[PDB]
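Listed next as structure tokens is one chain, alone, in the form deposited in one PDB entry.
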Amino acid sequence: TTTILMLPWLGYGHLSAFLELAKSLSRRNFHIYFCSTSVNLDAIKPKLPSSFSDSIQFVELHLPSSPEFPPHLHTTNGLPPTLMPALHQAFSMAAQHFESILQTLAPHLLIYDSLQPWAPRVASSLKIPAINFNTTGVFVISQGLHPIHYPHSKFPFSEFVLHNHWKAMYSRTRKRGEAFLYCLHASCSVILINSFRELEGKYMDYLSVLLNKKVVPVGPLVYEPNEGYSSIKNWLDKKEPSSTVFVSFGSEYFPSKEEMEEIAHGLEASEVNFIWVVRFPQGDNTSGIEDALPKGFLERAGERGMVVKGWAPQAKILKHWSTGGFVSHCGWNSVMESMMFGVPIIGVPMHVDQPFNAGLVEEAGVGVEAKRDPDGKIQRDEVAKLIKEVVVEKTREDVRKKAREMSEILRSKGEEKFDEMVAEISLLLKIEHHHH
């Protein structure tokens, strides 16, 4: 039996994609060692059915710990944004423990995420083949990589233009980009990517050309589940079909009080029904739902609005018939889920790869992006406008139509989605066994 150790990045969204990939390799007669911090393994084990206990084994990775950076903060999930540099640094310092795990378990293959250049380095030193699995899309990577080589040539196939807010943000930055691209470039033989050709095919081909690496799509990797929901469904069941937006900014972003004000006033002016997940970082004692929102906002919204604190059953909400839209930060898993369930996206991207994802959503026609003003600020009138058009007044039915067509395409895919990955792993291991 071929054994695979998988090392995701310490983000819930990355962990989620890695587990869905682990299940698929499970079903193709691979044994999976799933390695992350204990706080991350605690958050992900509930998502793994008991049927995989003999196929998927969780392995603990130790990060350096301090009373001020204790193990329960060894994740991006709810992490204070000012601790994100410490988490990246602590993660790199787990290379020694990672090497000892590889020597103890001696897996035949390492599948590693895009945010740990030390991981392929440790694997090569132990003569273990290592493959990058990139849990996000193609579009960002190629849109970012093209202007470095061809600053005077227009990006092919797209009309997307990056807003000056993110062009300044990503102008330290060089070091993180070089680290990110290294984990793709150093992958052996192929890069596995969490995307599908119906959405990004021509960008996958172009990226393979820019990187001089073979790119293998592993498809949309969407988790589908089988306390919170009961109360929420009772509220949603009283609404009209396709009348309600879900509002979420992911697992590792906390909008500013001023950003929340623009989102809230946009929801108010649109008169839509809404369910809004409001989260606070793990150390915040000073913040609350009423304080975080404009005064009187929820009493003006009345029964049109519901605020969920902490965490919501995102997939179940997106699948409810009353959901007509998704006001989302356009994290990659959120985008894949919304297409899988046929829900139009109202893009409010925030940072990293989200502004690119929003561009791709807009280009694919399965959603619309709320544009920021020239200074990079979210605009309550743009949010209200798009919710009105897409959900309330329904003058943008092309977006619903194309999202539903995309969901039928995705629902039609099966385990053949993983044939190309499995054949490339097979070939790589057969070749590396000869070279010893």
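Basically, rigid core = biggest C-alpha set you can superpose within 1.5 Å across the two forms. The first residue of the sequence shown is number 1, and the count goes up from there.
As for the form deposited in another entry, it is not shown, yet the points below apply to it.
The comparison between the shown form and the other one, aligned on the rigid core, picks out a single residue among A95, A179, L105, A269 whose CA moves by 2 Å or more, and that residue is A179.
A decrease of at least 3 Å in the separation of the C-alpha atoms of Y206 and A179 is found in that other deposited form, compared with the displayed form. Compared with the form shown here, the C-alpha atoms of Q96 and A179 sit at least 3 Å farther apart in that other deposited form.
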